[PDB]
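Participant: Below: the sequence, then the experimentally determined structure.
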Amino acid sequence: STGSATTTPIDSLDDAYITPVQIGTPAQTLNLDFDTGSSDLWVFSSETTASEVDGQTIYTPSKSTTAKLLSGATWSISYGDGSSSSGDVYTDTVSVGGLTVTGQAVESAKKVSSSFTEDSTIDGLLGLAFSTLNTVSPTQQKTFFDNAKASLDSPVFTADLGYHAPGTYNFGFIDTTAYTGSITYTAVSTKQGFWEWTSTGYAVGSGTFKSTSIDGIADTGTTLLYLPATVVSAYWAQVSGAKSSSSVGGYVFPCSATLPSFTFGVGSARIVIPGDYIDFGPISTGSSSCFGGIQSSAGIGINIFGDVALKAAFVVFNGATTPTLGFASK
């Protein structure tokens, strides 16, 4: 089997991407944030504290003839950005782009943090990291991909995120029309439960490529590109007037600037992030200070190849017995 679904930016900055997901019978369609950095499929629901729902579409398990309470199961998650959610668990039928999993754990939120409430466009998350990170207790549950994998034509999914435009998540096949040149594959460590890999270096604008190993995670659920302070300083030094602002929480730059591109290495291959992908707009409405899309990972504890990087590529998440990651230009 295969599946193919369009993923759409939630706003004009590409702060996140939402993908429609069918849950239950009859189908209830929710727009979920596909997150290769976590491993829980959780949704706003009829059980969510009423004051914490503000415009989201909810899953109502009592209206699904295929929903079953997973007795005794609870979940609770905290994300790197400080947001969190928790609740109980149902199993139900879940379909993405025509690919159906029966008996998928659907984690129903009883509580969500303010950041989730305040974002009316995201109805929940669909985790695509390794199932070892799933938070359901006392019996850990499998991701949608893990459940689908054996049935797929090939045990892969691909992320093709757009810049200020829709893109695609495919399951079970590689669309050879969706990229240019070849896909370069690189090794993955699953030791921390992430799609963790090592970039071979970087360049700023038309500058020389610096060969250096940068360990990090391919994370569709993180907006920005978080890299070591040395790398980030080298980038922003090429933007007149750019500076790190402790008050704002990262590098800012004059909105009048033209940003240089940023290249990262995948083996001997190179992925070029155009300068405009690194612009996250005014820090507050009407400001002429703009927020940068490349930020320091210092004190995150891990480098993160978030959407800023991934949207410059066609990305293969290869879930073979020994997983790997593939990157192509597009």
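Facilitator: Received, thanks. Numbers count the residues shown, from 1 in each chain.
Participant: burial of the closest residue in space to residue 25 that isn't next to it in sequence, as a residue count?
Facilitator: In space, residue 25 comes closest to residue 66 once its chain neighbours are excluded; the distance is 4.3 Å by Cβ to Cβ, 6 or more residues apart in numbering. Bear in mind the C-beta positions are built from the backbone N, C-alpha and C, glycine included. For residue 66, the neighbour count with other Cβ atoms under 10 Å is 16.
Participant: start the count at 53, not 1, going forward
Facilitator: That works, and once the first residue is 53, the last one we named lands at residue 118.
Participant: OK, contacts around residue 132?
Facilitator: Remark: with contacts taken as Cβ atoms under 8 Å, 6 or more residues apart in numbering, residue 132 is in contact with 89, 274, 352, 356.
Participant: I'd guess it is in a strand, am I close?
Facilitator: No. According to DSSP: H, G, I helix; E, B strand; the rest coil, residue 132 belongs to no strand; its state is coil.
Participant: Flag every buried residue along stretch 69-79.
Facilitator: Applying a neighbour-count criterion of 16 or more other Cβ atoms under 10 Å, the buried positions in stretch 69-79 are 69-76.
Participant: about what we covered before: quick one: which of the contacts of residue 132 sit in strands?
Facilitator: Using DSSP state E, residue 356 are the members of the contacts of residue 132 that sit in strands.
Participant: picking that back up, hmm, the residue nearest to residue 77 is touching residue 74, no?
Facilitator: No. Using Cβ atoms under 8 Å, residue 118 is not in contact with residue 74, being 11.3 Å away.
Participant: Go through the protein and flag its longest helix.
Facilitator: Using DSSP state H to define each element, the chain has its longest helix at helix 281-288.
Participant: which helices and strands does that helix pack with?
Facilitator: Where contact means 3 or more Cβ pairs under 8 Å, 6 or more residues apart in numbering; DSSP states H and E, helix 281-288 is packed against strand 248-256, strand 302-306, strand 346-348.
Participant: what about 6 Å?
Facilitator: On a contact count with 3 or more Cβ pairs under 6 Å, 6 or more residues apart in numbering; DSSP states H and E, helix 281-288 meets strand 248-256, strand 346-348.
Participant: From the rest of the structure, what touches it?
Facilitator: The contact list for helix 281-288 (Cβ atoms under 6 Å, 6 or more residues apart in numbering) reads 254, 256, 294, 303, 314, 346, 348, 350.
Participant: For residue 133, state which of these is nearest.
Facilitator: residue 348 (14.9 Å; Cβ to Cβ).
Participant: okay, now that closest one: neighbour count?
Facilitator: Residue 348 has 19 nearby residues by other Cβ under 10 Å.
Participant: List the residues that contact it.
Facilitator: Counting by Cβ under 6 Å, 6+ apart, residue 348 has contacts 281, 284.
Participant: From residue 303, how far out is it?
Facilitator: Remark: distance between residue 348 and residue 303 (Cβ to Cβ, to the nearest Å) = 8 Å.
Participant: Can you pull the residues that touch both of those two?
Facilitator: Residues touching both residue 348 and residue 303 (Cβ under 6 Å, 6+ apart): there are none.
Participant: secondary structure element for the nearest residue to residue 216 once chain neighbours are set aside?
Facilitator: Closest residue to residue 216 apart from its sequence neighbours, by Cβ to Cβ, 6+ apart: residue 66 at 6.2 Å. According to DSSP states H and E, residue 66 maps onto no helix or strand at all.
Participant: so how far is residue 229 from residue 66?
Facilitator: On the measure of Cβ to Cβ, residue 66 and residue 229 end up 23 Å apart.
Participant: Let me see the contact set for residue 176.
Facilitator: Going by Cβ under 6 Å, 6+ apart, residue 176 touches 82, 84, 94-96.
Participant: How about it: what's its closest non-neighbour residue?
Facilitator: residue 95 (3.6 Å).
Participant: Could you check which helix or strand contains the residue nearest to residue 117 when sequence neighbours are not counted?
Facilitator: Beyond its immediate neighbours in the sequence, the residue positioned closest to residue 117 (Cβ to Cβ, 6+ apart) is residue 77, lying 4.9 Å away. Using DSSP H and E, residue 77 sits within no helix or strand.
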